[PDB]
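The block underneath contains the structure these notes are about, expressed in structure tokens.
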Amino acid sequence: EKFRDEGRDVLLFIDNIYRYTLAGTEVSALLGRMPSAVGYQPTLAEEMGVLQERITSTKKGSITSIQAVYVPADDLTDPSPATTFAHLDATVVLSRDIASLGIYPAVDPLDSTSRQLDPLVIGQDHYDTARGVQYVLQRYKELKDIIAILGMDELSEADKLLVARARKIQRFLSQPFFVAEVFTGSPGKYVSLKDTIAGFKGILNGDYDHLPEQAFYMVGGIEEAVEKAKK
Amino acid sequence: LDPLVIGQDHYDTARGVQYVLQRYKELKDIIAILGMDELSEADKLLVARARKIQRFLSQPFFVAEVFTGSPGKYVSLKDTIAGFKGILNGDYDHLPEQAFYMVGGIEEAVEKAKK
Amino acid sequence: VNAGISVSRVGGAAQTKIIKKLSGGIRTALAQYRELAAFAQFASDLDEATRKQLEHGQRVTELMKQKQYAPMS
Amino acid sequence: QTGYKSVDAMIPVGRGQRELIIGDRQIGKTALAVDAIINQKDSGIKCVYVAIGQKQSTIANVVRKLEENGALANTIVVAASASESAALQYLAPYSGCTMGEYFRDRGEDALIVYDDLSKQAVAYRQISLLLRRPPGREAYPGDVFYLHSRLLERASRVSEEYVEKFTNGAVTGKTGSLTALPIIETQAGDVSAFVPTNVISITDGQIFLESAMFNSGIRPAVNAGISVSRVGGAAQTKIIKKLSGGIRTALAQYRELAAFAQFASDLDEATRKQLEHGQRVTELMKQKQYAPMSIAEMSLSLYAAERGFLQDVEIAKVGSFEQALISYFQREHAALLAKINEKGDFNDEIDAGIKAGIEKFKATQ
Amino acid sequence: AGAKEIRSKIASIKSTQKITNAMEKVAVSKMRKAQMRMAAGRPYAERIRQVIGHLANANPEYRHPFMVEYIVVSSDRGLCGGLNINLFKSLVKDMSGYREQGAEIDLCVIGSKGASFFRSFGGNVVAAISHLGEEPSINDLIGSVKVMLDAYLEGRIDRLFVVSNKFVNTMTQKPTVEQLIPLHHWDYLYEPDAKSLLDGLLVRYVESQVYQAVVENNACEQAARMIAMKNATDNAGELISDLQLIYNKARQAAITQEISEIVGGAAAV
Amino acid sequence: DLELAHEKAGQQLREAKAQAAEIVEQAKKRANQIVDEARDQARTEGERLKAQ
Amino acid sequence: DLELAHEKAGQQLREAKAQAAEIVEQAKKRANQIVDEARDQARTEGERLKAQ
Ligand SMILES: Nc1ncnc2c1ncn2[C@@H]1O[C@H](COP(=O)(O)OP(=O)(O)OP(=O)(O)O)[C@@H](O)[C@H]1O
Ligand SMILES: [Mg+2]
């Protein structure tokens, strides 16, 4: 809150929001209060609201928060997950499968979501580009089961062309971070929103269909894929 | 139940019976949906021995004659080991499933199959 | 009356000589027939022993049926 | 090292780590922890076994087994049996921890086993409800998480500066540690119960034992698909870290393609090759009680499977092949096993040396 | 009743789903085997058509009855995606046109489901065979075919048609009916006689088109089974997903009840 | 070639008997190793037991 | 004769391998006796010392 008052945009990382809920359950039991549904504290929604309502964009600065979430017994209807999800604007899912492929960021483009993915907020251009990438990535996941069960020859010309764009899209979702130079052996990159939208828009339209997919791996902006290709 | 306390022959027979019954606990639902025909030959052959071993575990007791109606039987561990080993080997695969129900020793089972 | 779950802890001692001999293992035989029917629902032709047991089971099951206010000596 | 190929290769435990042994009743939880203590008799790690709520004759069979295997002289046994006061059962883990902390604070290494943290929680619940403290979920007091967390955060690795500060300079250059192997019993596989949920969240990793695997002849019963060590490869010697990578891929492939076992003929050749490899690596993980394996002896078995030396061995003879291979190397290659056992090191000469011995074994034994 | 029963049902459905997953891939492999056995019979059919054609043209004085003015194929196993029904629905449609026109109809049944459809409706038959291997041989069809060829020769049948599904694609099995009976510059040397040879060639050609039909229907059976086992796997997941929601409700409800009982007893003692 | 083949076969026939006998020679060394280590194990159990 | 030249090597190798296995099983049998006989001798002296 102090830095926000200074005139800054701040990041607040909470190691685990489920442990904040459990600490409230433990304190409520120690004070002798009557327990609620599934054994949680009667103050569950108020204790979450008191914390989450301070994290907002004011007229001086803005505190943005990244919170790790744990789901009890894999149940999304349990009071703790239910209450927390009511205050979340975006959901980032990290995938063990994607990591094996070699994409280190490891964010799942199909399971991850945001409430800001609306044309009335980000404009028609950003929205169509993002939904285009998700559409292509969905079709490729279905086609991969076909290629596996029946074979690659069973696909149409349009489907094989889509698979080639989907693979290029999937690798262009990778990026070298300044803190990962020790692992990647390459310098870090900070891509802008403008460069991000322009890069994916071209690959969906087919402007880069002649380039090899590897040229679209760990490069940053789209001009760097074109240069990694000439070589 | 430890080879260092009893012996390897007893232990292997016990673990052998358990292995056959544990595998059959999963094929039971498979047989309910679909049918028996859709199984592989090894599974069809195993299902038969499991159903027989389950029945060969049944023994008429003297204290239960009032309820069973039949005479009680006493089986020595030697007969207990011999019979189950033979069924697991498949020696009695020529006997109908109904012959092992309440038949004390395996010998009796061979006689019940003739009635 | 579910014959598999129902049981008497007095058994044959609570029966007259005629019914005691004639009804020998009928409950345990009905309990096994209910199980055999579910297993053989979608199987290919089975042995004479199996077909015979399945046929005998459907008859005692129909016999145990009785009307209200119509007892038997 | 615990001496188990399934644990030491896929769920490695490091000095100062806290690894939970979790699973239902009567599936080898006690056997895995006692064998982990037996394997330390030559390692340098002092061991502590804490018995909470056990019957007195059971504790005596473990001590008789520690004495028969030569591990008792390196172990402290702390007992609070089922007829003893709930206060003594509640305090026993802290008493055993205090005895283990002596070696850690003085520059040395120790291992502690809490045979039932779930029985310590039950004893603390009795005292609390009798003092009339406000109850929560499953009738436990509000500080049951703090009970186990205060205990388990003591198991740690301390720096050289902490040991030089505590010893007042006497011990220098040495880092001390206390490794913990807490045990918890689940009811019908329900890991979502209150006490299991707390301890799963406190520990660095979990070894899950399963009743279905134990009844299917897979004696160590370790479900490698859900068991995890957050420390990972940092807790492994160079040789086992190199040969465990493919073992992971082969078991993962076996979990995916295991229904096709009855339709293996109709399988595609590549897949049929993967399926038998998965079934041979799965049969390799089976081991016997009171038979801990050394870094060199585990390396022979893992090397033989990972480099393809089992493709001509019937899945039913993989075990006698392993037992005979180790016995061959113990007689004709004693110098190479002694070399690997120094630090678990690996290089082109050790790789070629093991290969030559396995090829010679197949040619005569 | 409670959470205990639902766990057994979710485990029961999860076990069946894994085998139906494999059976889809087994079926795809068998579909590829039946598609190569389809192609290893085209040369014998395309060349005999050319010979039967030219041999008639150079010998106009002989006009075999087959050249001037139902065999039904069904499966031996289940799991098909209504493949037998869809053909049996085209067999009934064509038979109707002839019953309306006034003609009688004799039938040849290949496979188990064909017999079931006729025993269930008291239908007539003149020939029948089943239990043919997933790999059929032309020799088995000779007996059944002969009962039908003689009819057409003895006038016992005016027209003969083969009713089988056709392998349009991996996703399509078109039910169809086609007429088996009735059907350059230089000229051939004939040994022993042209008429002697035409009689032999025509039987080899009809027995060939019947074998072509059986094999193609087996490829259709495998594809149909692949889709059915995919459907069954998906349906199982939907049941697992629905039961899991009920299990979570039962889990949460059990916890609240116990806490009420603990609190209730503590508020008395 | 019949006599030359009989000689070739005569050499391969006998060499396999000598080579097969060497498997029995390894087995005799292994049997001695099992018994010698069993004597040392028995000595170890004897001195371990009497100490209690 | 070229068949007999490998059949009488293959047969004699299976016989030699059976003999090698027999030699090993005889040694395993000899080993457990050497260990448990020493246990009874040691236990007997321990009980004698206790009784005295
Ligand atoms: N290789 C093995 N590893 C583990 N257990 C084995 C093995 N081979 C056989 N067993 C047997 O499995 C049983 C495991 O008993 P153990 O006491 O270790 O189980 P547990 O889960 O700790 O039981 P409990 O919950 O009552 O304490 C013992 O009979 C043991 O001898
Ligand atoms: Mg125990």
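Simple scheme: letters A, B, ... for chains in structure tokens order, numbers from 1 for residues in each chain, numbers from 1 for ligands in the order shown.
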As a list in words, please: the residues near range 40-47 of chain A (cut-off 9 Å, only C-alpha atoms, same-chain neighbours under 5 positions excluded).
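Non-adjacent residues within range: residues 21, 22, 24, 25, 26, 27, 28, 29, 33, 34, 35, 52, 79, 80, 83 and 84 of chain A; 136 and 137 of chain D.
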Could you superpose chain F on chain G by least squares over every Cα, matched in sequence order, and send it back as a compact mmCIF listing (two decimals) with N, CA, C and O atoms, in the first residue's frame?
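File produced: selection07.txt:
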```txt
# COMPACT_ATOMS: atom_id res chain seq x y z
N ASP F 1 26.06 -84.58 -40.68
CA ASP F 1 26.78 -84.78 -39.42
C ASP F 1 27.08 -83.45 -38.72
O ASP F 1 27.11 -83.43 -37.49
N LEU F 2 27.26 -82.34 -39.44
CA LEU F 2 27.47 -81.02 -38.84
C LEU F 2 26.24 -80.59 -38.00
O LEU F 2 26.39 -80.16 -36.86
N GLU F 3 25.03 -80.74 -38.53
CA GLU F 3 23.79 -80.40 -37.81
C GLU F 3 23.53 -81.41 -36.67
O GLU F 3 23.14 -81.03 -35.57
N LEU F 4 23.77 -82.70 -36.92
CA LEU F 4 23.59 -83.74 -35.91
C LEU F 4 24.58 -83.54 -34.75
O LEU F 4 24.21 -83.69 -33.59
N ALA F 5 25.83 -83.16 -35.05
CA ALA F 5 26.85 -82.87 -34.05
C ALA F 5 26.47 -81.60 -33.28
O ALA F 5 26.65 -81.55 -32.06
N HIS F 6 25.92 -80.59 -33.96
CA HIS F 6 25.46 -79.35 -33.31
C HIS F 6 24.33 -79.68 -32.32
O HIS F 6 24.31 -79.13 -31.22
N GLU F 7 23.44 -80.61 -32.65
CA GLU F 7 22.37 -81.05 -31.74
C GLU F 7 22.96 -81.83 -30.56
O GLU F 7 22.65 -81.53 -29.41
N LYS F 8 23.86 -82.80 -30.81
CA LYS F 8 24.53 -83.58 -29.74
C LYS F 8 25.24 -82.65 -28.76
O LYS F 8 25.07 -82.77 -27.55
N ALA F 9 26.01 -81.70 -29.29
CA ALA F 9 26.72 -80.70 -28.52
C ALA F 9 25.73 -79.79 -27.78
O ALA F 9 25.92 -79.54 -26.59
N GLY F 10 24.64 -79.37 -28.42
CA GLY F 10 23.60 -78.52 -27.82
C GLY F 10 22.97 -79.16 -26.59
O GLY F 10 22.68 -78.46 -25.61
N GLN F 11 22.77 -80.48 -26.60
CA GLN F 11 22.23 -81.23 -25.46
C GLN F 11 23.28 -81.35 -24.34
O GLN F 11 23.01 -81.01 -23.19
N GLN F 12 24.50 -81.78 -24.66
CA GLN F 12 25.57 -81.90 -23.65
C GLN F 12 25.93 -80.54 -23.03
O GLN F 12 26.17 -80.47 -21.82
N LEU F 13 25.91 -79.46 -23.81
CA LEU F 13 26.20 -78.10 -23.37
C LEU F 13 25.22 -77.67 -22.27
O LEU F 13 25.67 -77.28 -21.19
N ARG F 14 23.90 -77.78 -22.52
CA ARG F 14 22.85 -77.38 -21.57
C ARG F 14 22.72 -78.30 -20.37
O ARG F 14 22.57 -77.82 -19.25
N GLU F 15 22.85 -79.62 -20.55
CA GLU F 15 22.76 -80.58 -19.43
C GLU F 15 23.86 -80.31 -18.39
O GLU F 15 23.60 -80.36 -17.19
N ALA F 16 25.06 -79.94 -18.83
CA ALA F 16 26.14 -79.59 -17.92
C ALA F 16 25.81 -78.32 -17.11
O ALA F 16 26.24 -78.21 -15.97
N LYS F 17 25.03 -77.36 -17.65
CA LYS F 17 24.64 -76.14 -16.91
C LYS F 17 23.67 -76.50 -15.79
O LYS F 17 23.81 -76.02 -14.68
N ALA F 18 22.71 -77.39 -16.08
CA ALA F 18 21.76 -77.86 -15.08
C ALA F 18 22.49 -78.68 -13.99
O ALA F 18 22.31 -78.43 -12.80
N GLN F 19 23.37 -79.60 -14.38
CA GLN F 19 24.14 -80.42 -13.45
C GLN F 19 25.09 -79.55 -12.60
O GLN F 19 25.16 -79.73 -11.38
N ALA F 20 25.77 -78.56 -13.19
CA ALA F 20 26.65 -77.66 -12.45
C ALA F 20 25.83 -76.82 -11.45
O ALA F 20 26.26 -76.63 -10.31
N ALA F 21 24.63 -76.35 -11.83
CA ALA F 21 23.77 -75.59 -10.94
C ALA F 21 23.36 -76.44 -9.73
O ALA F 21 23.21 -75.92 -8.62
N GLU F 22 23.21 -77.76 -9.89
CA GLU F 22 22.87 -78.64 -8.76
C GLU F 22 23.99 -78.68 -7.71
O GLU F 22 23.70 -78.93 -6.54
N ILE F 23 25.25 -78.40 -8.07
CA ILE F 23 26.35 -78.30 -7.08
C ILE F 23 26.05 -77.09 -6.19
O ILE F 23 26.18 -77.16 -4.96
N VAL F 24 25.59 -76.00 -6.79
CA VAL F 24 25.19 -74.77 -6.08
C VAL F 24 23.96 -75.07 -5.22
O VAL F 24 23.82 -74.55 -4.12
N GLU F 25 23.06 -75.96 -5.68
CA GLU F 25 21.89 -76.38 -4.90
C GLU F 25 22.34 -77.16 -3.65
O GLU F 25 21.81 -76.93 -2.56
N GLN F 26 23.34 -78.04 -3.77
CA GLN F 26 23.88 -78.75 -2.60
C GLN F 26 24.55 -77.73 -1.66
O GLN F 26 24.37 -77.80 -0.45
N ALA F 27 25.25 -76.74 -2.22
CA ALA F 27 25.90 -75.69 -1.44
C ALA F 27 24.88 -74.86 -0.66
O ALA F 27 25.11 -74.53 0.50
N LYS F 28 23.71 -74.55 -1.24
CA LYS F 28 22.65 -73.80 -0.54
C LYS F 28 22.08 -74.64 0.61
O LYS F 28 21.85 -74.10 1.69
N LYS F 29 21.91 -75.96 0.43
CA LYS F 29 21.45 -76.85 1.51
C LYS F 29 22.51 -76.92 2.61
O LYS F 29 22.18 -76.85 3.79
N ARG F 30 23.79 -77.00 2.23
CA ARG F 30 24.93 -77.00 3.16
C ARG F 30 25.01 -75.67 3.92
O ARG F 30 25.16 -75.69 5.14
N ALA F 31 24.84 -74.53 3.25
CA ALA F 31 24.82 -73.23 3.90
C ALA F 31 23.68 -73.17 4.94
O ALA F 31 23.89 -72.73 6.07
N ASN F 32 22.50 -73.67 4.58
CA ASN F 32 21.38 -73.72 5.52
C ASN F 32 21.72 -74.63 6.71
O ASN F 32 21.46 -74.26 7.85
N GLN F 33 22.35 -75.79 6.48
CA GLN F 33 22.75 -76.70 7.55
C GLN F 33 23.77 -76.04 8.50
O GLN F 33 23.61 -76.13 9.71
N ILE F 34 24.77 -75.33 7.96
CA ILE F 34 25.77 -74.61 8.75
C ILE F 34 25.07 -73.57 9.63
O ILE F 34 25.33 -73.51 10.83
N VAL F 35 24.16 -72.76 9.07
CA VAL F 35 23.44 -71.72 9.82
C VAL F 35 22.46 -72.30 10.85
O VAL F 35 22.42 -71.84 11.98
N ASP F 36 21.69 -73.34 10.50
CA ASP F 36 20.75 -73.98 11.44
C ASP F 36 21.50 -74.64 12.60
O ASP F 36 21.11 -74.47 13.76
N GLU F 37 22.58 -75.37 12.34
CA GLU F 37 23.37 -75.95 13.43
C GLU F 37 24.10 -74.84 14.21
O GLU F 37 24.29 -74.99 15.42
N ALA F 38 24.46 -73.71 13.60
CA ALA F 38 25.07 -72.59 14.32
C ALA F 38 24.06 -71.98 15.29
O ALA F 38 24.42 -71.64 16.42
N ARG F 39 22.79 -71.85 14.89
CA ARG F 39 21.71 -71.35 15.75
C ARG F 39 21.50 -72.28 16.94
O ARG F 39 21.37 -71.82 18.07
N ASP F 40 21.53 -73.59 16.72
CA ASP F 40 21.41 -74.57 17.80
C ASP F 40 22.66 -74.54 18.70
O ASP F 40 22.56 -74.64 19.93
N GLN F 41 23.85 -74.37 18.12
CA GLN F 41 25.09 -74.27 18.89
C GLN F 41 25.04 -73.01 19.76
O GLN F 41 25.28 -73.08 20.96
N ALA F 42 24.66 -71.86 19.20
CA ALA F 42 24.52 -70.60 19.91
C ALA F 42 23.50 -70.70 21.05
O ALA F 42 23.77 -70.23 22.15
N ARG F 43 22.37 -71.38 20.81
CA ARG F 43 21.36 -71.65 21.84
C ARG F 43 21.99 -72.50 22.95
O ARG F 43 21.80 -72.21 24.13
N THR F 44 22.77 -73.51 22.58
CA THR F 44 23.48 -74.40 23.51
C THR F 44 24.50 -73.61 24.34
O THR F 44 24.55 -73.76 25.56
N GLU F 45 25.30 -72.74 23.73
CA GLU F 45 26.25 -71.92 24.48
C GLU F 45 25.53 -70.93 25.40
O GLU F 45 26.00 -70.67 26.51
N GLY F 46 24.38 -70.39 24.98
CA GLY F 46 23.58 -69.46 25.78
C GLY F 46 23.02 -70.12 27.04
O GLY F 46 23.20 -69.59 28.14
N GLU F 47 22.40 -71.29 26.91
CA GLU F 47 21.84 -72.01 28.07
C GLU F 47 22.96 -72.59 28.97
O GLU F 47 22.83 -72.61 30.20
N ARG F 48 24.11 -72.97 28.39
CA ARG F 48 25.27 -73.47 29.14
C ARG F 48 25.91 -72.35 29.96
O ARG F 48 26.22 -72.54 31.13
N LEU F 49 26.10 -71.17 29.36
CA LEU F 49 26.71 -70.01 30.01
C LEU F 49 25.84 -69.46 31.15
O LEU F 49 26.33 -69.32 32.27
N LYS F 50 24.54 -69.22 30.92
CA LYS F 50 23.65 -68.65 31.95
C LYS F 50 23.51 -69.52 33.21
O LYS F 50 23.25 -68.99 34.29
N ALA F 51 23.72 -70.84 33.10
CA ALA F 51 23.65 -71.76 34.24
C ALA F 51 24.74 -71.46 35.30
O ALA F 51 24.49 -71.59 36.50
N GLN F 52 25.94 -71.02 34.88
CA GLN F 52 27.03 -70.68 35.79
C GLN F 52 26.65 -69.45 36.63
O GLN F 52 26.71 -69.49 37.86
```
Based on the backbone DSSP call, show me all residues of chain B assigned helix (DSSP H, G or I), as a ChimeraX atom specification.
/B:8-32,41-56,62-68,77-89,97-100,106-112
Hey, what's within 6 Å of range 94-97 of chain A if we count only C-alpha atoms and toss same-chain stuff fewer than 2 positions away? As a list in words, please?
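Listing them by chain and then by number gives residues 99, 100, 106, 107 and 108 of chain A.
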Just the selected residues (N, CA and C atoms), exported as a tab-separated table (two decimals), in the first residue's frame, please.
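Once written, again_37.tsv looks like this:
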```tsv
chain	number	residue	atom	x	y	z
A	99	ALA	N	5.72	-28.66	-20.36
A	99	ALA	CA	7.15	-28.55	-19.97
A	99	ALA	C	7.96	-29.63	-20.68
A	100	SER	N	7.42	-30.86	-20.75
A	100	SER	CA	8.13	-31.97	-21.42
A	100	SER	C	8.37	-31.61	-22.89
A	106	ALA	N	5.58	-22.71	-19.73
A	106	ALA	CA	4.66	-23.79	-19.39
A	106	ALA	C	3.20	-23.43	-19.09
A	107	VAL	N	2.73	-22.26	-19.53
A	107	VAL	CA	1.33	-21.84	-19.32
A	107	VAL	C	0.46	-22.56	-20.35
A	108	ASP	N	-0.61	-23.24	-19.92
A	108	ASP	CA	-1.53	-23.96	-20.80
A	108	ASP	C	-2.48	-22.98	-21.51
```
Residues of chain D within 12 Å of chain F, counting only C-alpha atoms - could you list those as a PyMOL selection string?
chain D and resi 64+67-70+324+327-328+330-332+361+363-365
Quick one: residues within 7 Å of range 28-33 of chain B, only C-alpha atoms, excluding same-chain residues fewer than 5 positions away - as an mmCIF file with C-alpha atoms, in the first residue's frame?
```cif
data_model
loop_
_atom_site.group_PDB
_atom_site.id
_atom_site.type_symbol
_atom_site.label_atom_id
_atom_site.label_comp_id
_atom_site.auth_asym_id
_atom_site.auth_seq_id
_atom_site.Cartn_x
_atom_site.Cartn_y
_atom_site.Cartn_z
ATOM 1 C CA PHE C 39 -22.608 -63.369 -14.596
ATOM 2 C CA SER E 12 -16.392 -49.687 -11.941
ATOM 3 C CA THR E 16 -14.519 -50.440 -18.396
#
```
Which residues are close to range 60-62 of chain C, i.e. within 9 Å by only C-alpha atoms, leaving aside same-chain residues fewer than 3 positions away? Reply as a compact mmCIF listing (two decimals) with C-alpha atoms, in the first residue's frame.
```txt
# COMPACT_ATOMS: atom_id res chain seq x y z
CA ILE C 26 -32.32 -74.04 -0.64
CA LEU C 30 -30.99 -69.44 -4.11
CA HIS C 56 -33.50 -74.97 -11.70
CA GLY C 57 -32.97 -71.52 -10.07
CA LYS C 65 -44.20 -66.21 -4.53
```
If you count only C-alpha atoms and all ligand atoms, which residues end up within 10 Å of ligand 1, as a PyMOL selection string?
(chain B and resi 1-4) or (chain D and resi 4+21-35+54+58+62+115-116+183-186+209-211+214-215+217-222+286-291)
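Residues in contact with residue 158 in chain A at up to 12 Å, not including ones fewer than 5 positions away on its chain and judged by only C-alpha atoms, are residues 136, 139, 140, 143, 163, 164 and 165 of chain A.
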Could you please take those selected residues and save N, CA, C and O atoms as a PDB file, in the first residue's frame?
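As written to disk, part.pdb reads:
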```pdb
ATOM      1  N   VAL A 136      -7.102 -22.709 -33.299  1.00  0.00           N
ATOM      2  CA  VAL A 136      -6.100 -23.525 -33.990  1.00  0.00           C
ATOM      3  C   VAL A 136      -5.489 -24.566 -33.045  1.00  0.00           C
ATOM      4  O   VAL A 136      -5.416 -25.744 -33.391  1.00  0.00           O
ATOM      5  N   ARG A 139      -8.061 -27.524 -32.377  1.00  0.00           N
ATOM      6  CA  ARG A 139      -8.190 -28.416 -33.521  1.00  0.00           C
ATOM      7  C   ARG A 139      -6.971 -29.322 -33.585  1.00  0.00           C
ATOM      8  O   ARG A 139      -7.127 -30.528 -33.720  1.00  0.00           O
ATOM      9  N   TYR A 140      -5.767 -28.790 -33.386  1.00  0.00           N
ATOM     10  CA  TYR A 140      -4.547 -29.593 -33.410  1.00  0.00           C
ATOM     11  C   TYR A 140      -4.530 -30.713 -32.356  1.00  0.00           C
ATOM     12  O   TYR A 140      -4.098 -31.828 -32.643  1.00  0.00           O
ATOM     13  N   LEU A 143      -6.810 -33.418 -33.789  1.00  0.00           N
ATOM     14  CA  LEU A 143      -6.111 -34.018 -34.921  1.00  0.00           C
ATOM     15  C   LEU A 143      -4.970 -34.939 -34.472  1.00  0.00           C
ATOM     16  O   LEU A 143      -4.744 -35.969 -35.088  1.00  0.00           O
ATOM     17  N   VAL A 163      -2.249 -27.979 -38.938  1.00  0.00           N
ATOM     18  CA  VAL A 163      -1.245 -28.621 -38.065  1.00  0.00           C
ATOM     19  C   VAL A 163       0.109 -27.915 -38.161  1.00  0.00           C
ATOM     20  O   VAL A 163       0.755 -27.677 -37.142  1.00  0.00           O
ATOM     21  N   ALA A 164       0.527 -27.506 -39.361  1.00  0.00           N
ATOM     22  CA  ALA A 164       1.792 -26.808 -39.539  1.00  0.00           C
ATOM     23  C   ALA A 164       1.742 -25.425 -38.873  1.00  0.00           C
ATOM     24  O   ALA A 164       2.690 -25.042 -38.189  1.00  0.00           O
ATOM     25  N   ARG A 165       0.635 -24.682 -38.996  1.00  0.00           N
ATOM     26  CA  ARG A 165       0.496 -23.381 -38.324  1.00  0.00           C
ATOM     27  C   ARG A 165       0.380 -23.570 -36.813  1.00  0.00           C
ATOM     28  O   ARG A 165       1.044 -22.861 -36.071  1.00  0.00           O
TER      29      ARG A 165
END
```
What lies within 6 Å of range 161-164 of chain D using only C-alpha atoms, ignoring chain neighbours under 4 positions off, as a ChimeraX atom specification?
/D:105,107,168-169,171-172
Can you check which residues of chain E have any atom within 12 Å of chain A? Use only C-alpha atoms and format it as a PyMOL selection string.
chain E and resi 21-32+169-171+223+226-227+230+241+244-264+266-267
Taking only C-alpha atoms into account, what are the residues of chain C at most 10 Å from chain B, put as a list in words?
residues 7, 8, 9, 10, 11, 12, 13, 14, 20, 21, 23, 24, 25, 26, 27, 28, 38, 39, 40, 41, 42, 43, 44, 47, 48, 49, 50 and 53 of chain C
For a test of reading the model, state the distance in Å between CA of residue 101 in chain D and CA of residue 79 in chain D, rounded to one decimal.
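Separating CA of residue 101 in chain D from CA of residue 79 in chain D is a distance of 17.8 Å.
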Report as a PyMOL selection string the set of chain B residues whose atoms approach chain D to within 7 Å, with distances computed over only C-alpha atoms.
chain B and resi 18-19+22+40
Name the closest residue to chain D among the candidates E:127, E:54, E:36, E:3; distances are taken between atoms, counting only C-alpha atoms.
E:3
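The nearest approach to chain E among the residues D:237, D:265, D:156, D:223, with only C-alpha atoms taken into account, belongs to D:265.
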Which of range 4-224 of chain A fall in strand (DSSP E or B), as a ChimeraX atom specification:
/A:9-14,57,62-67,90-91,94,107,113-114
Residue subset to file, keeping C-alpha atoms, as an mmCIF file, in the first residue's frame:
```cif
data_model
loop_
_atom_site.group_PDB
_atom_site.id
_atom_site.type_symbol
_atom_site.label_atom_id
_atom_site.label_comp_id
_atom_site.auth_asym_id
_atom_site.auth_seq_id
_atom_site.Cartn_x
_atom_site.Cartn_y
_atom_site.Cartn_z
ATOM 1 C CA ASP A 9 2.127 0.072 -9.855
ATOM 2 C CA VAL A 10 3.045 -2.811 -7.460
ATOM 3 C CA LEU A 11 3.071 -6.642 -7.512
ATOM 4 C CA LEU A 12 1.885 -8.515 -4.394
ATOM 5 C CA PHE A 13 2.753 -12.223 -4.419
ATOM 6 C CA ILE A 14 0.930 -14.478 -1.899
ATOM 7 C CA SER A 57 -6.393 0.178 -9.015
ATOM 8 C CA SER A 62 -2.301 -0.004 -8.544
ATOM 9 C CA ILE A 63 -1.518 -3.181 -6.559
ATOM 10 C CA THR A 64 -1.779 -6.267 -8.830
ATOM 11 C CA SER A 65 -1.624 -9.685 -7.109
ATOM 12 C CA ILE A 66 -0.413 -13.133 -8.110
ATOM 13 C CA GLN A 67 -1.747 -15.777 -5.712
ATOM 14 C CA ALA A 90 -7.427 -14.340 -14.329
ATOM 15 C CA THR A 91 -6.361 -18.006 -13.999
ATOM 16 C CA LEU A 94 1.147 -24.367 -15.517
ATOM 17 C CA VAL A 107 1.331 -21.845 -19.319
ATOM 18 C CA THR A 113 -8.345 -17.891 -18.814
ATOM 19 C CA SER A 114 -8.925 -14.172 -18.100
#
```
For CA of residue 93 in chain B and CA of residue 16 in chain B, the interatomic separation in Å (one decimal)
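Separation between CA of residue 93 in chain B and CA of residue 16 in chain B: 16.4 Å.
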